[PDB]
């Protein structure tokens, strides 16, 4: 096992009693349809059922035999049509499906029914997953339909093939051999994402390269689009707003100038001639030096709508990112809400505002982005991070399921109780036209796609939740572990719990209690809570925690930046009262004295030390847990994960010592004697921050020759 198949491991069911049962149930595979998508479904079932059931199952269009798996839509399979499923099937829409043990013409059969061909494909993947996870097919009757419209992944890939915040190798897209070489991996990539119901992908960096819109690259991209099409995945591209000028065709990119409007209309026509079902554009504009409307004195609705008007005739959409924040504002936290609230209602119907789960930047824990509960007349979608920019690259084990679950189940009170983030995204709260979530996966050419094996679990969790936002981190992990490693109960429970605690461990050894943004800038690998004196203050560490001799935290109540007033009243009330604010968010909103007593009985200095030390202990416990699993995992992946956990323990100790000693130097309070005193002093950890290798090809820190 080298991880190439990820969770699509079609190995014979290990439980022999169960294997026999499946073997009696699925003896033939009946597929009448022959469209590309149906063919892809048949091909997956054929390879999947043959592997899992350890016998040759070939997809065939023949007279129905007893004990068959029959797939199709009423339109492409007369057998499925004969069941007259009616309303039951129809309610499942354009992507849903029904899996049911039933009878046709007296024959025993298990049907993968749907209204569309992509519905059959999704249904087929679920059929396989049931087997992969050793669920019973007897009396099977289940239907499912996705709860969000655009379920997409994002790749921050540069055209040179280096991935920004990419810890799993070079970009998968081999531009030098495209379009001529349709590599097998492009199809496997499609199969991975289709297996989760992911129906779209942005293959290029948001720090966007204009070349993607030239003929040279559109031919390459079209070949990728072709490979992805039979698997229901639409192609999207990140665009550079200054494209008209980069191509030398117009002396401005002002969205109100007719020549600019025409440039993009003509370019959309060119794109659509290459990729007739192109999904549309992802846009990072007027943020971190990236070009945008405000550079021409226009607003984000004006810029987005101009792009949207160009794509509208072709059915394309603009995913316009809300990750915007000007250096001059008093509180970065407030930024996005204050930028976009005045524009609510001004965006065209095929513009969707793509918002990170939190107001800052993918930190281990952030409160929900206020825009989610505030924008009532604009299409929204979520942006989550899978690649571990802030969770330890490819060396740290960190299942992100819980982060996503936490976010999606957060009650916002936008329109009273029941206004969870998930319900907002689905369109149940504010009535909206387009819904979705995007996941920044940043996989690469490493054999196992994600570098660290467990980053696969995050990918998985993300994909499952995009399909159904109420799926728990626990459910997703159970499924993933069974598909990826083993169906042994003794293995699943400990390793699932290990996965479930990994995120919190990553909070604890880095920045607990509402602390945030304590990373080495700008690589983000290691600790650097002392960071100051950067061109922009809101990229430093001290800006956020505002530690002094008397206290720590950032005042976001009515007496401070009043960011709490950007939230619905019940959240503002709960978070602004020291009696009710969750301790896991406290320092985001309150500047508190070191003597403040926490729920545990410890003072805030004590509780900070306790959490940092807890994070390291949690990693050490993960080590012990993983070591007890050697009998259930293959030798190669076992050794790799064991080794990576050793690296993570070493770094978590470095994180703990660096942060505790730094905050000690400011607070001037001792570390309690029941905690192991750090091996060295604060200057040594500063030196370690300057010299400890940063393991990412992209960030310049990896080339740093600093040795002192």
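Residue numbers count along the first chain shown, from 1.
With 406 to 414 and 290 to 298 compared on mean CA B-factor from the PDB entry, the stretch scoring higher is 290 to 298.
Looking at mean Cα B-factors across 360 to 368 and 574 to 582, the upper value is held by 574 to 582. Between the residues 93, 436, 210, 169, it is 93 that shows the highest Cα B-factor in the PDB record.
Take 641, 31, 647, 659 and read off each C-alpha B-factor from the entry; 31 has the highest. Residue 122: CA B factor in the middle third of modelled residues in this chain (values from the PDB entry). Per the deposited record, the Cα B-factor of residue 188 falls in the lowest third when ranked against the other modelled residues of its chain. The entry lists a Cα temperature factor for residue 561 that places it in the middle third of the chain's modelled residues. Placement of the Cα temperature factor of residue 667 within the chain: highest third of the modelled residues, per the deposited record. In the PDB entry, a CA B factor belonging to the highest third of its chain's modelled residues is recorded for residue 27.
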